[PDB]
Amino acid sequence: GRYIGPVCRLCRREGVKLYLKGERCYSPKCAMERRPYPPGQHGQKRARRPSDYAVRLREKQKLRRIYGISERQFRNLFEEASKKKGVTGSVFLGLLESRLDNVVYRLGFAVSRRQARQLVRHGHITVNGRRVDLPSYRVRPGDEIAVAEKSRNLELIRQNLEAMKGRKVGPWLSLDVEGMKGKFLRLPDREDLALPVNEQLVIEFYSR
Amino acid sequence: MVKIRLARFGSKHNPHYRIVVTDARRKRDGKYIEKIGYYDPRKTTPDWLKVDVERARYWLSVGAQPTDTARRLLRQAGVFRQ
Amino acid sequence: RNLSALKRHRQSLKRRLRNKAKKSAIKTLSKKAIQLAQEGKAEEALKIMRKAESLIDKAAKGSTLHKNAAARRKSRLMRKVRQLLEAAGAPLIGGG
Amino acid sequence: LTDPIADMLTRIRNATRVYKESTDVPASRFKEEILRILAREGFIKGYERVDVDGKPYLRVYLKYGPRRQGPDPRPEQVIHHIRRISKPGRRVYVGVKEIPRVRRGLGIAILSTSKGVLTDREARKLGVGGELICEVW
Amino acid sequence: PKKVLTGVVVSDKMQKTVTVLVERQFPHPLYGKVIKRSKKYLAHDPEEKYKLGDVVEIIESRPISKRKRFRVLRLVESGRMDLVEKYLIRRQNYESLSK
Amino acid sequence: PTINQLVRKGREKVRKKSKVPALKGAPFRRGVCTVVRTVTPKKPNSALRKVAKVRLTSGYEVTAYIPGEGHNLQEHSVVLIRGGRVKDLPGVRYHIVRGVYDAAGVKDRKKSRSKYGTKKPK
RNA sequence: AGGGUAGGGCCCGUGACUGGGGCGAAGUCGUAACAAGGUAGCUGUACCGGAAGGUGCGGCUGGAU
RNA sequence: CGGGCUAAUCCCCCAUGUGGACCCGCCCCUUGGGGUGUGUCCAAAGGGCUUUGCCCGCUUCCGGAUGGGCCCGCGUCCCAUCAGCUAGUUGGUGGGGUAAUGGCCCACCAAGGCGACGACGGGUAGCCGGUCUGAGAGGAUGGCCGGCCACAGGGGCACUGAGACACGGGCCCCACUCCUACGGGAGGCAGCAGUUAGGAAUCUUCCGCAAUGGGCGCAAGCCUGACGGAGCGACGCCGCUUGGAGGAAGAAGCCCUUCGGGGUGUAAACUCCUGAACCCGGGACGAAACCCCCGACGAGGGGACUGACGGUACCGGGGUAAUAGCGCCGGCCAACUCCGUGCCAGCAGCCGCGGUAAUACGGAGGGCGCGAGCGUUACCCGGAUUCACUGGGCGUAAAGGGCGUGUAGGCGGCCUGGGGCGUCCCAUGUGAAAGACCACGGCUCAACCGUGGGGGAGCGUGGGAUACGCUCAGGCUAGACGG
Ligand code: SF4
Ligand SMILES: [Mg+2]
Ligand SMILES: [Mg+2]
Ligand SMILES: [Mg+2]
Ligand SMILES: [Mg+2]
Ligand SMILES: [Mg+2]
Ligand SMILES: [Mg+2]
Ligand SMILES: [Mg+2]
Ligand SMILES: [Mg+2]
Ligand SMILES: [Mg+2]
Ligand SMILES: [Mg+2]
Ligand SMILES: [Mg+2]
Ligand SMILES: [Mg+2]
Ligand SMILES: [Mg+2]
Ligand SMILES: [Mg+2]
Ligand SMILES: [Mg+2]
Ligand SMILES: [Mg+2]
Ligand SMILES: [Mg+2]
Ligand SMILES: [Mg+2]
Ligand SMILES: [Mg+2]
Ligand SMILES: [Mg+2]
Ligand SMILES: [Mg+2]
Ligand SMILES: [Mg+2]
Ligand SMILES: [Mg+2]
Ligand SMILES: [Mg+2]
Ligand SMILES: [Mg+2]
Ligand SMILES: [Mg+2]
Ligand SMILES: [Mg+2]
Ligand SMILES: [Mg+2]
Ligand SMILES: [Mg+2]
Ligand SMILES: [Mg+2]
Ligand SMILES: [Mg+2]
Ligand SMILES: [Mg+2]
Ligand SMILES: [Mg+2]
Ligand SMILES: [Mg+2]
Ligand SMILES: [Mg+2]
Ligand SMILES: [Mg+2]
Ligand SMILES: [Mg+2]
Ligand SMILES: [Mg+2]
Ligand SMILES: [Mg+2]
Ligand SMILES: [Mg+2]
Ligand SMILES: [Mg+2]
Ligand SMILES: [Mg+2]
Ligand SMILES: [Mg+2]
Ligand SMILES: [Mg+2]
Ligand SMILES: [Mg+2]
Ligand SMILES: [Mg+2]
Ligand SMILES: [Mg+2]
Ligand SMILES: [Mg+2]
Ligand SMILES: [Mg+2]
Ligand SMILES: [Mg+2]
Ligand SMILES: [Mg+2]
Ligand SMILES: [Mg+2]
Ligand SMILES: [Mg+2]
Ligand SMILES: [Mg+2]
Ligand SMILES: [Mg+2]
Ligand SMILES: [Mg+2]
Ligand SMILES: [Mg+2]
Ligand SMILES: [Mg+2]
Ligand SMILES: [Mg+2]
Ligand SMILES: [Mg+2]
Ligand SMILES: [Mg+2]
Ligand SMILES: [Mg+2]
Ligand SMILES: [Mg+2]
Ligand SMILES: [Mg+2]
Ligand SMILES: [Mg+2]
Ligand SMILES: [Mg+2]
Ligand SMILES: [Mg+2]
Ligand SMILES: [Mg+2]
Ligand SMILES: [Mg+2]
Ligand SMILES: [Mg+2]
Ligand SMILES: [Mg+2]
Ligand SMILES: [Mg+2]
Ligand SMILES: [Mg+2]
Ligand SMILES: [Mg+2]
Ligand SMILES: [Mg+2]
Ligand SMILES: [Mg+2]
Ligand SMILES: [Mg+2]
Ligand SMILES: [Mg+2]
Ligand SMILES: [Mg+2]
Ligand SMILES: [Mg+2]
Ligand SMILES: [Mg+2]
Ligand SMILES: [Mg+2]
Ligand SMILES: [Mg+2]
């Protein structure tokens with residue numbers, strides 16, 4: 001399946017902060033906050049000139065690892081968007097964010113997509129009323145996403161819920177809080193999320 | 001004779017018969033002479049049946065005859081409206 | 001081991017029997033007058049020729065012959081008679 | 001001589017490199033009709049029907065770019081490029097849909113047609129095609 | 001429709017039939033260039049009228065015999081023997097392409 | 001050349017010369033060893049490489065180089081081979097496959113085991 | 001159909017022996033070419049010679065001075 | 001085998017001829033098309049119900065409709081180290097024959113037919129839609145599905161027939177095997193599974209006609225290895241899980257150390273939360289028709305039976321932390337150190353690693369990439385712009401023929417006119433559907449499948465324009481030839 005292994009090693013090797021769990025990634029107990037150098041026996045050694053390839057290799061994994069998606073699942077969409085109209089970048093981006101799990105986390109239902117998926121994969125979520133244990137469902141504009149009424153009685157949801165009431169949600173997002181029923185408004189533009197990514201670099205990558 | 005009947009398309013457990021005209025000596029799903037309707041039997045759409053009630057009467061005029069259920073499909077198509 | 005084909009097969013030979021006979025008789029009579037055509041005998045020739053026509057046609061009634069064929073054997077029959085009877089003549093009966 | 005057209009074109013391309021105020025060519029209504037295009041688009045200055053020791057010609061009056069500094073002050077060419085297309089060795093024919101657009105729109109291709117010589121654009125406007133004479137820029 | 005071909009006669013030696021050589025042009029499927037290809041057809045001449053050098057128009061007719069499927073539709077021109085030369089000269093030249 | 005010529009003679013779609021004929025367009029052919037021994041390579045190397053000469057259901061008979069260290073190959077040993085030559089060893093074009101037939105993988109081998117037919121310890 | 005008699009054509013495999021060729025090398029003989037390579041070299045043929053090769057006739061310079 | 005008997009929608013004659021067949025004549029047409037007249041020929045079948053009427057059938061003749069046969073044009077692989085082939089061979093007259101042209105068959109007259117536009121021979125291969133690669137032109141390919149063809153152990157043949165020269169029909173011959181009571185008989189999986197053999201390797205001797213479709217029947221119903229499903233196989237694609245959050249300036253073990261330290265490592269442990277599977281309850285869509293009731297067996301409206309997959313998916317309640325394996329780490333090419341070893345044992349796709357300090361073998365620590373996958377081999381396109389139409393090149397890198405003459409062929413200077421072959425434009429028929437491409441819709445997504453939409457090249461028909469190519473005709477003199 002997805003990754004599911006040691007994760008901090010991601011942020012480190014990348015040299016950037018990926019808030020892959022939730023709270024700690026903000027805490028001063030973080031790795032990059034403590035050890036922002038490569039994992040393994042050779043982290044603190046002077047890095048050397050990465051290759052033009054190696055570079056383009058990064059941005060990918062960085063993004064790819066950000067959502068924890070199989071390489072394949074990350075070819076399709078970018079074969080999707082690339083064969084999709086207009087600027088392949090924005091589309092693929094919107095194609096990625098359009099995943100349930102993500103949006104679920106983007107809707108502050110869980111600190112990590114990792115949680116998002118599980119709650120998603122555990123069907124605790126719903127959409128337009130319908131229940132969806134499908135962490136790969138490409139949610140489209142006009143979709144009503146509702147927590148499982150059967151799981152509205154859970155406390156974790158509310159602890160993440162509570163820490164959301166008036167929290168700032170994406171322009172292409174709402175969050176009728178309490179009702180545990182958000183909503184997915186539109187497809188974003190690059191300027192809608194300033195990810196630590198240079199998407200074109202990933203374009204250059206599969207251009208091989 | 002040339003008859004009118006349903007050619008099963010779709011996939012396993014996924015019926016989608018094209019109500020079409022061809023020779024019985026054809027295989028079930030082989031070459032037909034003309035398509036003239038389509039039918040979701042399981043009722044997965046608000047429009048799981050259509051007929052070119054006009055053309056459908058064309059062939060029947062020229063003698064073609066349908067399978068029973070195809071005759072039904074053409075029934076509710078009203079094709080037999082006196 | 002066994003099938004209705006055995007029933008199917010048998011009938012043929014019987015049917016096989018019945019067709020070959022007619023054709024044989026046809027050509028038997030069809031030509032027979034033709035000889036007379038070479039020496040007509042106009043009256044007697046046209047007497048045969050008519051007979052072959054019936055057998056020929058009457059074969060077309062069943063699997064024995066196809067209409068176009070019988071017509072051919074018919075057509076090609078008549079044609080020959082007169083042409084032969086031309087050199088000499090002349091037809092006593094019909095026809096025609 | 002095989003193809004006067006390329007020869008015509010060739011004569012041009014041969015002088016433009018040496019920077020001739022003009023140059024000459026044996027005449028023909030077709031060569032002219034061509035040249036007709038080659039000033040209305042602005043690659044040439046125009047032609048006049050001259051005449052050499054008894055024979056007709058077409059002294060073409062050449063247009064070039066401005067003097068320049070650097071070490072190579074020689075004036076850039078108007079006709080950067082001019083090469084034959086359809087030839088006697090390989091006659092080349094196009095339908096209106098398959099009519100190329102020279103250098104993204106900065107050049108043209110002269111086309112012989114039942115409706116007179118045209119440019120890559122004029123044809124598409126008139127909705128026809130023909131024997132691609134040449135492409136030039 | 002019945003295909004009409006505008007070919008020349010190369011043989012009258014047969015009786016009640018002629019050899020109409022038909023020539024056609026076309027581009028190359030890869031090299032654009034126009035490329036001449038010919039092909040002899042066997043025309044039916046019931047009245048043994050058509051003669052050597054006669055440019056003619058042949059029409060796809062029902063089979064008269066084997067290989068003979070085009071009758072002569074109508075005459076076009078006469079005296080066209082130059083073409084024959086461009087035919088026989090060929091056949092004659094072959095006599096040196098052996099071993 | 002002239003377009004005409006290209007029309008007359010066209011261009012020659014040169015084909016490929018397969019590098020594993022003894023296979024007869026197959027990925028794996030069984031054989032039966034015939035000369036289990038060692039073979040020295042050409043320069044600039046020096047050693048005693050582990051070769052296997054095998055007759056095939058394809059009728060042929062070819063040297064097959066035995067990869068790894070330590071094997072169990074002697075005359076009459078059922079075996080399978082694969083495509084792949086050994087640059088330095090002329091006369092060898094194909095490989096053998098350990099852990100297959102009368103051939104067993106490498107002993108106390110832990111890395112890249114797949115390429116050496118050696119299952120997993122604890 | 002086919003079976004038989006007889007005689008031709010073509011291709012694959014196999015064969016005492018035989019002719020060269022390729023690769024390996026750490027052997028033997030000499031040292032032909034690469035410098036004026038110690039007789040300028042190459043070339044066609046012809047002859048000769050354990051072998052690279054020599055030589056005769058004519059040719060090219062892709063010959064040094 | 002034979003002797004003798006019996007019915008019919010079986011077979012035979014006669015009658016009736018709307019009509020149809022043939023001859024000969026004539027109108028039209030124009031290849032044997034339709035109409036017309038005299039002579040000749042020919043149809044048939046009954047059974048059932050509620051019974052002077054219905055339904056099913058039977059006969060002919062026209063037409064429709066679909067499925068075909070034959071014929072033509074252009075296109076369809078490799079070798080010229082195959083350069084000549086041909087006697088049914090090419091044409092004709094006349095007959096046979098078929099549904100029909102034909103040398104498809106026979107007889108006779110003639111001497112003719114094919115070929116460097118590659119005949120003849122050999123090797124290979126089932127073609128197309130499409131499939132994959134590809135920026136494209138192009139290449140490779142033709143399983144699955146759809147169409148057509150050809151074969152039904154290896155060959156030949158005709159009968160039956162609307163239709164075959166017929167896979168589970170028949171006649172014979174050959175090869176093979178088996179049975180046997182030893183006199184003699186039988187068989188043909190390239191139908192669904194299955195066995196044996198060959199091989200690197202390809203599955204169940206499963207369920208059922210419920211659906212769709214097919215034959216037969218008025219219907220009831222029957223047959224149904226087509227079809228619908230189950231199973232096996234990581235064979236390919238899609239989806240999902242092996243957990244989530246919190247969690248020390250950081251346990252042990254393990255690897256490195258300059259002995260201060262560093263790395264594994266938020267990883268674990270443990271706390272909480274969620275809850276794959278596995279337990280129970282419920283439990284389908286697919287299935288509305290034929291048929292039966294009224295009406296009129298019809299339009300239309302009412303009435304039931306039926307589910308192989310299957311108690312499966314799916315719905316509800318409850319509920320366990322619950323598989324990780326593979327390749328790679330000298331450059332290409334992302335990912336580093338330590339020991340062992342010492343041109344030995346070894347990796348290798350290329351350049352090349354090892355001869356006592358190996359980022360290149362082995363192991364380990366750590367790390368890189370994917371992830372129920374991971375790798376290898378084989379083969380196809382790509383990179384290969386390296387057979388170059390797009391889109392290459394021949395002084396010394398591989399490539400100008402030793403030199404001329406000349407056939408075919410390719411190519412061809414200025415001006416006018418006709419034709420309209422290439423060529424261009426418009427209209428139009430075909431270009432099946434599946435697939436590819438855009439939009440959307442159903443399985444909770446996707447893969448898969450459905451719906452609609454949107455084009456072309458190519459060739460068939462009609463019209464048009466005339467610059468260049470070509471053709472026919474008239475002039476000219478700038479190439480050539482000549483005095
Ligand atoms: S945010 Fe911090 S704690 Fe979270 S994965 Fe990244 S480095 Fe680790
Ligand atoms: Mg795009
Ligand atoms: Mg690419
Ligand atoms: Mg007799
Ligand atoms: Mg008949
Ligand atoms: Mg070009
Ligand atoms: Mg070495
Ligand atoms: Mg063997
Ligand atoms: Mg053994
Ligand atoms: Mg290989
Ligand atoms: Mg490995
Ligand atoms: Mg014989
Ligand atoms: Mg015999
Ligand atoms: Mg010397
Ligand atoms: Mg020396
Ligand atoms: Mg010397
Ligand atoms: Mg010499
Ligand atoms: Mg000697
Ligand atoms: Mg000497
Ligand atoms: Mg000399
Ligand atoms: Mg000389
Ligand atoms: Mg010289
Ligand atoms: Mg020198
Ligand atoms: Mg009786
Ligand atoms: Mg009668
Ligand atoms: Mg027939
Ligand atoms: Mg014959
Ligand atoms: Mg003779
Ligand atoms: Mg030709
Ligand atoms: Mg050739
Ligand atoms: Mg193929
Ligand atoms: Mg295949
Ligand atoms: Mg097929
Ligand atoms: Mg056969
Ligand atoms: Mg057979
Ligand atoms: Mg068999
Ligand atoms: Mg047989
Ligand atoms: Mg049979
Ligand atoms: Mg057949
Ligand atoms: Mg069988
Ligand atoms: Mg079988
Ligand atoms: Mg075996
Ligand atoms: Mg199966
Ligand atoms: Mg059934
Ligand atoms: Mg049925
Ligand atoms: Mg009844
Ligand atoms: Mg019964
Ligand atoms: Mg049965
Ligand atoms: Mg099937
Ligand atoms: Mg954790
Ligand atoms: Mg239950
Ligand atoms: Mg249902
Ligand atoms: Mg549950
Ligand atoms: Mg645990
Ligand atoms: Mg790998
Ligand atoms: Mg390595
Ligand atoms: Mg190194
Ligand atoms: Mg890689
Ligand atoms: Mg590196
Ligand atoms: Mg290795
Ligand atoms: Mg090197
Ligand atoms: Mg070392
Ligand atoms: Mg998977
Ligand atoms: Mg390749
Ligand atoms: Mg590339
Ligand atoms: Mg290319
Ligand atoms: Mg080059
Ligand atoms: Mg050279
Ligand atoms: Mg020369
Ligand atoms: Mg000439
Ligand atoms: Mg001209
Ligand atoms: Mg003209
Ligand atoms: Mg024209
Ligand atoms: Mg289509
Ligand atoms: Mg959907
Ligand atoms: Mg579609
Ligand atoms: Mg397109
Ligand atoms: Mg079109
Ligand atoms: Mg046209
Ligand atoms: Mg004109
Ligand atoms: Mg010409
Ligand atoms: Mg003239
Ligand atoms: Mg002059
Ligand atoms: Mg002169």
# chains A, B, ... in the order shown; residues from 1 in each chain; ligands from 1
>>> residues_around(residues="stretch 59-61 of chain G", least_positions_apart="5", cutoff="12 Å", atoms="only C-alpha atoms (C1' of nucleotides)", output="number ranges by chain")
G: 40-45
>>> write_last_selection(atoms="N, CA and C atoms (P, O5', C5', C4', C3', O3' and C1' of nucleotides)", output="PDB file, in the first residue's frame")
ATOM      1  P     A G  40      66.881   3.591 -49.572  1.00  0.00           P
ATOM      2  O5'   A G  40      65.477   3.960 -48.917  1.00  0.00           O
ATOM      3  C5'   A G  40      64.270   3.403 -49.419  1.00  0.00           C
ATOM      4  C4'   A G  40      63.062   4.025 -48.766  1.00  0.00           C
ATOM      5  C3'   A G  40      61.760   3.249 -48.900  1.00  0.00           C
ATOM      6  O3'   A G  40      61.650   2.196 -47.960  1.00  0.00           O
ATOM      7  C1'   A G  40      61.377   5.514 -49.436  1.00  0.00           C
ATOM      8  P     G G  41      61.044   0.777 -48.406  1.00  0.00           P
ATOM      9  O5'   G G  41      59.469   0.986 -48.312  1.00  0.00           O
ATOM     10  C5'   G G  41      58.855   1.337 -47.081  1.00  0.00           C
ATOM     11  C4'   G G  41      57.438   1.806 -47.282  1.00  0.00           C
ATOM     12  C3'   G G  41      56.537   0.892 -48.096  1.00  0.00           C
ATOM     13  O3'   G G  41      56.030  -0.206 -47.359  1.00  0.00           O
ATOM     14  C1'   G G  41      56.292   3.100 -48.868  1.00  0.00           C
ATOM     15  P     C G  42      55.422  -1.476 -48.134  1.00  0.00           P
ATOM     16  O5'   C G  42      54.157  -0.884 -48.902  1.00  0.00           O
ATOM     17  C5'   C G  42      53.085  -0.301 -48.177  1.00  0.00           C
ATOM     18  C4'   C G  42      52.043   0.307 -49.083  1.00  0.00           C
ATOM     19  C3'   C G  42      51.453  -0.593 -50.156  1.00  0.00           C
ATOM     20  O3'   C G  42      50.496  -1.511 -49.661  1.00  0.00           O
ATOM     21  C1'   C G  42      51.935   1.520 -51.084  1.00  0.00           C
ATOM     22  P     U G  43      50.238  -2.891 -50.442  1.00  0.00           P
ATOM     23  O5'   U G  43      49.843  -2.433 -51.918  1.00  0.00           O
ATOM     24  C5'   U G  43      48.677  -1.655 -52.141  1.00  0.00           C
ATOM     25  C4'   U G  43      48.504  -1.281 -53.594  1.00  0.00           C
ATOM     26  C3'   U G  43      48.462  -2.420 -54.597  1.00  0.00           C
ATOM     27  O3'   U G  43      47.224  -3.107 -54.620  1.00  0.00           O
ATOM     28  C1'   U G  43      49.829  -0.686 -55.431  1.00  0.00           C
ATOM     29  P     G G  44      47.197  -4.686 -54.912  1.00  0.00           P
ATOM     30  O5'   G G  44      47.306  -4.788 -56.497  1.00  0.00           O
ATOM     31  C5'   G G  44      46.179  -4.548 -57.328  1.00  0.00           C
ATOM     32  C4'   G G  44      46.503  -4.819 -58.773  1.00  0.00           C
ATOM     33  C3'   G G  44      47.203  -6.141 -59.053  1.00  0.00           C
ATOM     34  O3'   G G  44      46.306  -7.234 -59.133  1.00  0.00           O
ATOM     35  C1'   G G  44      48.376  -4.406 -60.129  1.00  0.00           C
ATOM     36  P     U G  45      46.701  -8.651 -58.484  1.00  0.00           P
ATOM     37  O5'   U G  45      47.490  -9.394 -59.649  1.00  0.00           O
ATOM     38  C5'   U G  45      47.066  -9.283 -60.999  1.00  0.00           C
ATOM     39  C4'   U G  45      48.237  -9.286 -61.947  1.00  0.00           C
ATOM     40  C3'   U G  45      49.177 -10.475 -61.838  1.00  0.00           C
ATOM     41  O3'   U G  45      48.690 -11.619 -62.516  1.00  0.00           O
ATOM     42  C1'   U G  45      50.436  -8.473 -61.947  1.00  0.00           C
TER      43        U G  45
END
>>> residues_around(residues="residue H:432", least_positions_apart="3", cutoff="10 Å", atoms="only C-alpha atoms (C1' of nucleotides)", output="list in words")
residues 31, 32, 33 and 34 of chain B; 129, 146 and 147 of chain H
>>> write_last_selection(atoms="C-alpha atoms (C1' of nucleotides)", output="PDB file, in the first residue's frame")
ATOM      1  CA  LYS B  31     -22.386  -8.058 -36.927  1.00  0.00           C
ATOM      2  CA  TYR B  32     -25.814  -6.422 -37.141  1.00  0.00           C
ATOM      3  CA  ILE B  33     -27.385  -4.369 -39.917  1.00  0.00           C
ATOM      4  CA  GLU B  34     -28.635  -1.475 -37.792  1.00  0.00           C
TER       5      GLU B  34
ATOM      6  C1'   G H 129     -10.883  -3.204 -37.912  1.00  0.00           C
ATOM      7  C1'   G H 146     -15.694  -7.867 -34.521  1.00  0.00           C
ATOM      8  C1'   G H 147     -15.874  -9.020 -40.101  1.00  0.00           C
TER       9        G H 147
END
>>> interface_residues(of="chain E", to="chain H", cutoff="6 Å", atoms="only C-alpha atoms (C1' of nucleotides)", output="list in words")
residues 14, 15, 30, 31, 37, 63, 65, 66 and 98 of chain E
>>> atom_distance(atom1="atom CA of residue B:35", atom2="atom 1 (Mg, counted along the ligand's line) of ligand 44")
24.5 Å
>>> residues_near_ligand(ligand="ligand 72", cutoff="9 Å", atoms="only C-alpha atoms (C1' of nucleotides) and all ligand atoms", output="list in words")
residues 417, 418, 470 and 471 of chain H
>>> write_last_selection(atoms="N, CA and C atoms (P, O5', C5', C4', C3', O3' and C1' of nucleotides)", output="PDB file, in the first residue's frame")
ATOM      1  P     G H 417      -3.749  32.564 -74.427  1.00  0.00           P
ATOM      2  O5'   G H 417      -4.298  31.431 -75.410  1.00  0.00           O
ATOM      3  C5'   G H 417      -5.282  31.733 -76.388  1.00  0.00           C
ATOM      4  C4'   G H 417      -5.771  30.498 -77.107  1.00  0.00           C
ATOM      5  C3'   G H 417      -6.431  29.423 -76.258  1.00  0.00           C
ATOM      6  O3'   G H 417      -7.774  29.719 -75.917  1.00  0.00           O
ATOM      7  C1'   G H 417      -4.909  28.415 -77.751  1.00  0.00           C
ATOM      8  P     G H 418      -8.541  28.828 -74.818  1.00  0.00           P
ATOM      9  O5'   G H 418      -8.562  27.363 -75.447  1.00  0.00           O
ATOM     10  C5'   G H 418      -9.357  27.075 -76.587  1.00  0.00           C
ATOM     11  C4'   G H 418      -9.359  25.605 -76.931  1.00  0.00           C
ATOM     12  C3'   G H 418      -9.669  24.636 -75.801  1.00  0.00           C
ATOM     13  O3'   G H 418     -11.051  24.548 -75.509  1.00  0.00           O
ATOM     14  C1'   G H 418      -7.841  23.828 -77.070  1.00  0.00           C
ATOM     15  P     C H 470       5.739  19.390 -68.488  1.00  0.00           P
ATOM     16  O5'   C H 470       4.567  18.363 -68.822  1.00  0.00           O
ATOM     17  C5'   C H 470       4.622  17.023 -68.357  1.00  0.00           C
ATOM     18  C4'   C H 470       3.433  16.224 -68.826  1.00  0.00           C
ATOM     19  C3'   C H 470       3.066  16.375 -70.293  1.00  0.00           C
ATOM     20  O3'   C H 470       3.873  15.573 -71.136  1.00  0.00           O
ATOM     21  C1'   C H 470       1.112  16.516 -68.957  1.00  0.00           C
ATOM     22  P     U H 471       4.070  15.960 -72.683  1.00  0.00           P
ATOM     23  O5'   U H 471       2.618  15.777 -73.311  1.00  0.00           O
ATOM     24  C5'   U H 471       1.963  14.518 -73.269  1.00  0.00           C
ATOM     25  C4'   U H 471       0.586  14.593 -73.877  1.00  0.00           C
ATOM     26  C3'   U H 471       0.489  15.320 -75.210  1.00  0.00           C
ATOM     27  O3'   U H 471       0.861  14.501 -76.305  1.00  0.00           O
ATOM     28  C1'   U H 471      -1.238  16.063 -73.771  1.00  0.00           C
TER      29        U H 471
END
>>> residues_near_ligand(ligand="ligand 10", cutoff="10 Å", atoms="only C-alpha atoms (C1' of nucleotides) and all ligand atoms", output="list in words")
residues 19, 20, 27, 82, 83, 84, 85, 93, 94 and 95 of chain F; 349, 376, 377 and 378 of chain H
>>> residues_around(residues="stretch 86-100 of chain A", least_positions_apart="2", cutoff="6 Å", atoms="only C-alpha atoms (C1' of nucleotides)", output="list in words")
residues 78, 81, 82, 102, 103, 104, 135, 136, 137, 138, 139, 187, 188, 189 and 190 of chain A
>>> write_last_selection(atoms="N, CA and C atoms", output="CSV table (one decimal), in the first residue's frame")
chain,number,residue,atom,x,y,z
A,78,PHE,N,-0.9,12.5,-13.3
A,78,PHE,CA,0.0,13.3,-14.1
A,78,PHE,C,0.1,12.8,-15.6
A,81,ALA,N,-3.5,14.6,-16.1
A,81,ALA,CA,-3.4,16.0,-16.3
A,81,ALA,C,-2.7,16.3,-17.6
A,82,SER,N,-1.5,15.7,-17.8
A,82,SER,CA,-0.7,15.9,-19.0
A,82,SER,C,-1.5,15.7,-20.2
A,102,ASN,N,-7.1,13.8,1.7
A,102,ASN,CA,-6.5,15.1,1.7
A,102,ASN,C,-7.5,16.1,2.1
A,103,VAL,N,-8.5,16.4,1.3
A,103,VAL,CA,-9.6,17.4,1.5
A,103,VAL,C,-10.1,17.2,3.0
A,104,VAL,N,-10.4,15.9,3.3
A,104,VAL,CA,-10.8,15.6,4.7
A,104,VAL,C,-9.8,16.3,5.7
A,135,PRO,N,-10.3,6.1,0.0
A,135,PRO,CA,-9.3,7.2,0.1
A,135,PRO,C,-8.7,7.8,-1.2
A,136,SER,N,-9.2,7.2,-2.3
A,136,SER,CA,-8.8,7.7,-3.6
A,136,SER,C,-9.9,8.4,-4.4
A,137,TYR,N,-11.1,8.5,-3.8
A,137,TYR,CA,-12.2,9.2,-4.5
A,137,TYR,C,-11.9,10.6,-4.9
A,138,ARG,N,-12.0,10.9,-6.2
A,138,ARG,CA,-11.7,12.2,-6.7
A,138,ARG,C,-13.0,13.0,-6.5
A,139,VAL,N,-13.0,13.7,-5.4
A,139,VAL,CA,-14.1,14.7,-5.1
A,139,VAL,C,-14.0,15.8,-6.1
A,187,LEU,N,-12.0,23.9,-7.7
A,187,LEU,CA,-10.7,23.5,-8.0
A,187,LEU,C,-9.7,24.6,-7.8
A,188,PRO,N,-8.6,24.5,-7.1
A,188,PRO,CA,-7.8,25.6,-6.7
A,188,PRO,C,-6.8,25.9,-7.9
A,189,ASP,N,-6.1,27.0,-7.7
A,189,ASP,CA,-4.9,27.4,-8.5
A,189,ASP,C,-3.7,27.2,-7.6
A,190,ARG,N,-2.5,27.2,-8.3
A,190,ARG,CA,-1.2,27.1,-7.6
A,190,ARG,C,-1.1,28.1,-6.5
>>> residues_near_ligand(ligand="ligand 53", cutoff="12 Å", atoms="only C-alpha atoms (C1' of nucleotides) and all ligand atoms", output="list in words")
residues 122, 123, 124 and 150 of chain A; 275, 276, 277, 278, 279, 315, 316, 317, 318 and 319 of chain H
>>> residues_around(residues="stretch 52-57 of chain C", least_positions_apart="2", cutoff="6 Å", atoms="only C-alpha atoms (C1' of nucleotides)", output="list in words")
residues 26, 29, 30, 49, 50, 59, 60 and 70 of chain C; 41 of chain H
>>> residues_near_ligand(ligand="ligand 43", cutoff="12 Å", atoms="only C-alpha atoms (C1' of nucleotides) and all ligand atoms", output="VMD selection string")
chain H and resid 192 to 193 202 to 204 206 225 229 to 233
>>> atom_distance(atom1="atom 1 (Mg, counted along the ligand's line) of ligand 37", atom2="atom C1' of residue H:164")
16.8 Å
>>> interface_residues(of="chain E", to="chain F", cutoff="10 Å", atoms="only C-alpha atoms", output="PyMOL selection string")
chain E and resi 28+30-35
